[PDB]
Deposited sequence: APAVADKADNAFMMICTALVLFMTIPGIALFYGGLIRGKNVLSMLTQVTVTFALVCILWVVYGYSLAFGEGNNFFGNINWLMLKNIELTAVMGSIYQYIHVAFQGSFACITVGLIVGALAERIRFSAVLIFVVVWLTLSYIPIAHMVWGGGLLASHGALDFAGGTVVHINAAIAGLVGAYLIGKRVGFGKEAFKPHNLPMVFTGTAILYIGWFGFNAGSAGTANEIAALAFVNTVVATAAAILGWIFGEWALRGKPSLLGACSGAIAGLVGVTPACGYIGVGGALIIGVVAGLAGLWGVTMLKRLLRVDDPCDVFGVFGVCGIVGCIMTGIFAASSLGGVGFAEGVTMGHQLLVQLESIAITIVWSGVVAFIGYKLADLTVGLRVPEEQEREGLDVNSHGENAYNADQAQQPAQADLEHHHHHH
């Protein structure tokens, strides 16, 4: 296997785009939603935890998530990237690029949780939680879905992380919750998340091919459809649209299309977008932790719908040989259930260890 320079270029740019989603995307998003007096502290926690994730990833994260091991975890043969030749190739790109791309996904997942909870959690407690949750929840789930683990071995479909990122973070944030003064800033963060999401979704193809092109177009379509779906629901239920509704709709479509983008047709993207936008509005209506309502509900919806719209007859790329829509749907549901329980349990353990060691609630 030789590296393709076009894929190397595409993937390094896509990685920078995903990093852009956390720094400063998610920080600005939450920054405009939380109380003004808590903004500085939250920005500090998001930046420091981002740094922490980057370091844990290179030290042992990548190795445990992507090394060969068992159904749940990799190995410790790639500690500090030891044994990875600089010219080593993963797919059609240099492995070092795969390390950075995969690391960027861990970063946004953690940013999603930290940005919302920073307001109520002690600084030392969040650092402890991140270490526990990244190591025991993000890493094994990434291994199970993208590292040849349990879910992948059963043929679960999740192109860019409906489970690994969205559902995983939503449950962790919701467990935390249980235990806007600047809308232009919310809009700015939403816009940065949107632009960076093209690297997130299209880069998930691992090459600048027709699947990356499909994921790109589906991202544009689902996001637009979800903005319109949310806004229509808002107009129907509240009498008028709002800026927060439009931004929430964009995020709902981005989240919903995440697991499906590289497997569905544009018709499927439009349908998923509208359904996600409406489900997202329903989610928040029920339930800054409300954000987890969108990531959680839309992630679930997206993961289920991937099991329908991947079908050739519906314009998708087609299910694997010998797999019926019925069989695929069951696999999607099982993957969702496993992600929820795994993340929830680990998050509980993380919060408890922090509370027992330094105390959870901000002093």
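Visitor: Lining up the deposited sequence with the coordinates, I want the ranges that have no C-alpha atoms.
Guide: Unmodelled stretches, in sequence order: 1-2, 182-194, 303-310, 387-424.
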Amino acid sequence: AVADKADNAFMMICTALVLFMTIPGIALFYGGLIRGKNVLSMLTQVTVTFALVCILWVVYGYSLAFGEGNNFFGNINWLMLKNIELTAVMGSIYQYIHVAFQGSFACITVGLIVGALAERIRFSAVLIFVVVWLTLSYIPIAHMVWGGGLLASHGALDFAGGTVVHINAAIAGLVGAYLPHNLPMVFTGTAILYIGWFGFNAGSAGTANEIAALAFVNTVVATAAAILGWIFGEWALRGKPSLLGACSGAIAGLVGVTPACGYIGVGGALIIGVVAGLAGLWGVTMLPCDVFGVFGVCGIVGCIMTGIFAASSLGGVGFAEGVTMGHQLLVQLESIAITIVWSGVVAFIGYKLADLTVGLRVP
From here on, numbers count along this sequence of modelled residues.
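Visitor: Identify the stretch, either 100-108 or 68-76, whose C-alpha atoms have the larger mean B-factor according to the entry.
Guide: Result of the comparison: 68-76.
Visitor: For the higher mean C-alpha B factor in the entry, choose 3-11 or 354-362.
Guide: Result: 354-362.
Visitor: Which third, lowest, middle or highest, does the CA B-factor of residue 349 fall in along this chain?
Guide: Top third by C-alpha B-factor.
Visitor: Would the CA B-factor of residue 315 place it in the lowest, middle or highest third of its chain?
Guide: For residue 315, whose C-alpha B-factor we compare with every modelled residue in the chain, the answer is the highest third.
Visitor: Looking at the temperature factor on the CA atom of residue 293, which third of the chain's modelled residues does it land in?
Guide: Tercile = highest for this residue's CA B-factor.
Visitor: Which third, lowest, middle or highest, does the C-alpha temperature factor of residue 220 belong to within its own chain?
Guide: Answer is middle: the recorded C-alpha B-factor places it there.
Visitor: Taking the chain's C-alpha temperature factors as the reference, tell me which third residue 196 falls into: lowest, middle or highest.
Guide: It falls in the middle third of the chain.
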